[PDB]
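Asks: Before we start, here is the structure in question, set down as structure tokens.
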Amino acid sequence: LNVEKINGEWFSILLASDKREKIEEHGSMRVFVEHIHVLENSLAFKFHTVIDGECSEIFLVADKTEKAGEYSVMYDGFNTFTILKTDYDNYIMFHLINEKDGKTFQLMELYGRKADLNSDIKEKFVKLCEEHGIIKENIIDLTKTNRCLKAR
Ligand SMILES: Cc1cnc(C)cn1
Ligand SMILES: [Cl-]
Ligand SMILES: [Cl-]
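If you count the sequence shown from 1, you need to add 270 to reach this note's numbering.
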């Protein structure tokens, strides 16, 4: 992948986990991307999240690890992630693994360059989730949730 080409503004579209509580309201991973800045050794993210009904910002920096294509970041424990698929100018799919207290879960995210994506791309992401043991009932379409768009 040419990671420089993922730079810029993105929107969170679909959000999925094999630990559903983490992506429900008040879950730590119910976060909405605004941008990804590509740096030499890292990716800098800005997110929003809802806390007690109010939009709030989260800024994270993910560092390259010793494994090609993998990044790590501390947020509600220790996370690693990789990019599964992208065409740079419409969609990107991430796969992240969280560790906390020696337990783990997966998070998968579909971001778009616009506030929504078509049904074809969504469907393909759902199948990719299933390929990781993330069942359809654990995939949330954030376009029908509060994504703090007004806060962007
Ligand atoms: C919290 C978080 C979620 N997703 C990515 C890709 C990075 N950080
Ligand atoms: Cl809480
Ligand atoms: Cl919204």
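Backbone N, C-alpha and C define an ideal beta-carbon position, used for all residues, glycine too.
Which residues in the same chain have their Cβ closer than 7 Å to the Cβ of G347, if we skip the five residues on either side of it in sequence?
Replies: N368, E369 and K370
Asks: Closer than 7 Å to a non-hydrogen atom of ligand 3 - does that hold for the CB of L419?
Replies: yes
Asks: How would you call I321, buried or exposed, if buried means at least 16 neighbouring beta carbons within 10 angstroms?
Replies: exposed
Asks: Excluding sequence positions up to five away, which residues of its chain have a Cβ less than 6 Å from the Cβ of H305?
Replies: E279 and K316
Asks: Name the one or two DSSP bridge partners that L377 has.
Replies: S287 and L366
Asks: From which residue to which residue does the alpha helix (DSSP H) around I391 run?
Replies: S389 to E401
Asks: So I409 and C418 are in contact, right, with Cβ under 8 Å, and what is the actual spacing, rounded?
Replies: 20 Å between Cβ atoms; not a contact.
Asks: Just list the residues that DSSP pairs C325 with in beta bridges.
Replies: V320
Asks: Would you mind sorting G382 into buried or exposed? The rule is 16 or more other CB atoms within 10 Å of its CB.
Replies: For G382, the number of other beta carbons within 10 angstroms of its own is at least 16, and it is reported as buried.
Asks: Using the Cβ count rule (16 or more neighbours within 10 Å means buried), how would you classify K292?
Replies: buried
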